[PDB]
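Read the structure below first, then the notes.
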Ligand SMILES: N=C(N)c1ccc2nc(-c3cc(CC(=O)N[C@@H](CC(=O)O)C(=O)O)cc(-c4cc(S(N)(=O)=O)ccc4O)c3O)[nH]c2c1
Ligand SMILES: [Zn+2]
């Protein structure tokens, strides 16, 4: 009876195995654009993905992860609210059964069709496992998806999903350039929060881009053909793998832009 997004194991039940689900810095949150304050001391964000080395794509039963080689300082996030250097380890998405829901963060209560999470860990803790035990251990760059024009840089991801339909399947996924998933502008909101899946650890500085990327209806329809279940198990479409917005509590959301 493992956690998930179904009628009996979804986010309302997580607190029973992971009591930090009711904690002081949980994610995602609603971003109230009229309450977020412009912070002119935020530095420009530095996204350095030219040497990023993708390795593999895995259906983990909750999402799919595109995994990177993080054994050296290649693909790094720095600047903005961050102190020091954060190394790219994986990206994944959260998405809906229909275009009107799917994102984890919301903007003035607007839900986007999906949300990309590029996950980075703070190199001063030496490995990912140590980093998640620290309040400043991870930096997650969140990017909204809306349905419109295709994203050309996403199609190589869409075209491998058929080969990782079910839980536990993986495929070689080398030479993928995550620069192709970014919007034009790096304007962002930031706040301290958590992983949005169990174990819900409170180790994340969230950096949420204001500008969504456009993907096509055909591209997200292929996400929604994935399965939560393992091979030879009853088919459960991988849809609605998002956690809803959590209380803000004693937190401020800061904007990088006027
Ligand atoms: N590249 C590798 N060698 C490697 C090895 C192990 C790894 N474990 C994870 C991982 C696990 C986890 C969970 C974790 O802590 N432990 C797991 C498994 C376990 O340790 O028993 C669990 O309890 O389910 C989360 C993330 C991750 C998830 C999100 S979100 N939006 O909440 O889905 C955001 C950022 C995240 O970092 C993970 O990245 N990423 C890993 C990468
Ligand atoms: Zn995520």
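Coordinate-derived values only; no laboratory data. Positions of Cβ are backbone-derived with ideal geometry, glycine not excepted, and every protein chain shown enters the neighbour counts.
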Selected residue (criterion: nearest to ligand 1 (Cβ to nearest atom)) from residues of the range 156-177 that are touching a strand residue (DSSP E or B) at 6+ places or on another chain (Cβ under 6 Å) and outside any loop (DSSP other than H, G, I, E, B)
170
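Restricting the range 236-252 to residues that are more than 16 Å from residue 61 (Cβ to Cβ) and more than 15 Å from ligand 2 (Cβ to nearest atom), which is surrounded by the most Cβ atoms within 10 Å (Cβ to Cβ)? Walk me through it before giving the result.
So in the range 236-252, the residues more than 16 Å from residue 61 (Cβ to Cβ) come out as 244-252.
Subset that is more than 15 Å from ligand 2 (Cβ to nearest atom): 247-252.
Numbers: 247: 12, 248: 17, 249: 10, 250: 7, 251: 14, 252: 12.
Result: 248.
Which strands (runs of 3 or more DSSP E) sit wholly inside the range 179-219 and have at least 2 residues that are away from ligand 1 (no atom under 16 Å from the Cβ)?
188-193, 213-215
Could you tell me which residue of the range 85-137 is farthest from ligand 1 (Cβ to nearest atom), considering only residues that are assigned to a helix (DSSP H, G or I) and free of Cβ contacts under 8 Å to residues at least 60 places away in the same chain?
Going through the qualifying residues, I end up with 124.
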Qualifying positions in the range 47-79 - touching a residue at least 60 places away in the same chain (Cβ under 8 Å), within 12 Å of ligand 1 (Cβ to nearest atom) and out of contact with any strand residue (DSSP E or B) (no Cβ under 7 Å at 6 or more places or on another chain):
60, 61, 62
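Quick check on my filter: what residues within the range 63-100 are within 17 Å of residue 215 (Cβ to Cβ) and either within 15 Å of the chain's Cα centre (by Cα) or within 12 Å of ligand 2 (Cβ to nearest atom) (or both)?
Of the residues in the range 63-100, the ones within 17 Å of residue 215 (Cβ to Cβ) are 63-64, 66, 91-100.
Answer for the range 63-100, where residues must be within 17 Å of residue 215 (Cβ to Cβ) and either within 15 Å of the chain's Cα centre (by Cα) or within 12 Å of ligand 2 (Cβ to nearest atom) (or both): 63, 64, 66, 91, 92, 93, 94, 95, 96.
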Check on residue 126, away from ligand 2 (no atom under 16 Å from the Cβ), over 19 Å from residue 62 (Cβ atoms) and within 18 Å of the chain's Cα centre (by Cα):
no
For the range 192-209, pairs from a residue that is over 17 Å from residue 90 (Cα atoms) to a residue that is within 12 Å of ligand 2 (Cβ to nearest atom) and in a strand (DSSP E or B), with Cβ under 6 Å and 6 or more apart or across chains, are 193/204; 193/206; 209/143
What is the one condition in (1) under 17 Å from residue 24 (Cβ atoms); (2) surrounded by fewer than 19 Cβ atoms within 10 Å (Cβ to Cβ); (3) in contact with a strand residue (DSSP E or B) (Cβ under 9 Å, 6 or more places away or on another chain) that residue 205 does not satisfy?
(2)
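Right, residue 50: within 29 Å of residue 173 (Cα to Cα), away from ligand 2 (no atom under 16 Å from the Cβ) and not in a strand (DSSP E or B) or not?
yes
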